[PDB]
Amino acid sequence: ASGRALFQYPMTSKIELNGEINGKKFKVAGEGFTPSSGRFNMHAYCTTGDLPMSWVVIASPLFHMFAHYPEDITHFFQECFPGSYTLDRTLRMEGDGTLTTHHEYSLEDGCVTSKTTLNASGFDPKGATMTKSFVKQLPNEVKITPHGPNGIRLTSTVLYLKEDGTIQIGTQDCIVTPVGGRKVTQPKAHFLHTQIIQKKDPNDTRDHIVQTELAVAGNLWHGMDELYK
């Protein structure tokens, strides 16, 4: 049993996230549900106190193996199992700060555990990330291409909505590296439509978020694959 056969739904998730932003150290944990392909939720919470940054910005740090792929595009993230992969992200909040994250994953008993680190340095202390002035981030299309002999790269531009209805941009890039000692067949260049929605639990006492991601792959631009050898 490998690849897509390891992702029979429903499944669950856990996260352990150790973070630091502008020298403010924090920890997040969470548990989540993946009812079906491409729809995955996570109820996270700060275990150190209040989260010292926007929950909207931390949303993408908070599981691409749960994205929904058609049969005719390789689901690289699922095909990495068994063995797993690492994810390394850079998120540049333009004019604000840059953060990085590193993710390791393990699958056991239908549950993917993410162990993530986040490091953010140089953020504007009056910016929207630190002041928690974002309402949501808009849905976007993430470009996925082969990268190196055995990886893939994900890129996106994110529009972050401030309370005043205006936008701030983030630029996001990730590299995905199989860690399983084996070559995983790269997909053709394609895109992932991603929507992140956040709400609060009616009763939880912690600083927390209840987040849902919808992530659906498609060959949006058939010609794109020719450009990536």
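Note that residue numbering follows the sequence shown and begins at 1.
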* For the stretch from residue 62 to residue 63, please bin the deposited residues that the model skips: none, 1 to 3, 4 to 9, or 10 or more. => 1 to 3
* Asked: Which is higher on average in the deposited entry, the C-alpha temperature factors of 5-13 or of 20-28?
  -> 20-28
* **Comparing 181-189 with 159-167, the one whose average Cα B-factor in the PDB entry is higher** => 181-189
* To do: Just grab whichever of 142, 152, 128, 91 has the top CA B-factor as deposited.
  => 128
* Just grab whichever of 47, 194, 172, 34 has the top CA B-factor as deposited. => 47
* To do: Quick one: classify residue 138 as lowest, middle or highest third of the chain based on its Cα B-factor.
  => lowest
* Asked: With respect to C-alpha B-factor, does residue 115 fall in the lowest, middle or highest third of the chain as deposited?
  -> middle
* **Lowest, middle or highest third - CA B-factor, residue 102** => lowest
* Asked: residue 75's Cα B-factor: lowest, middle or highest third of the chain?
  -> lowest
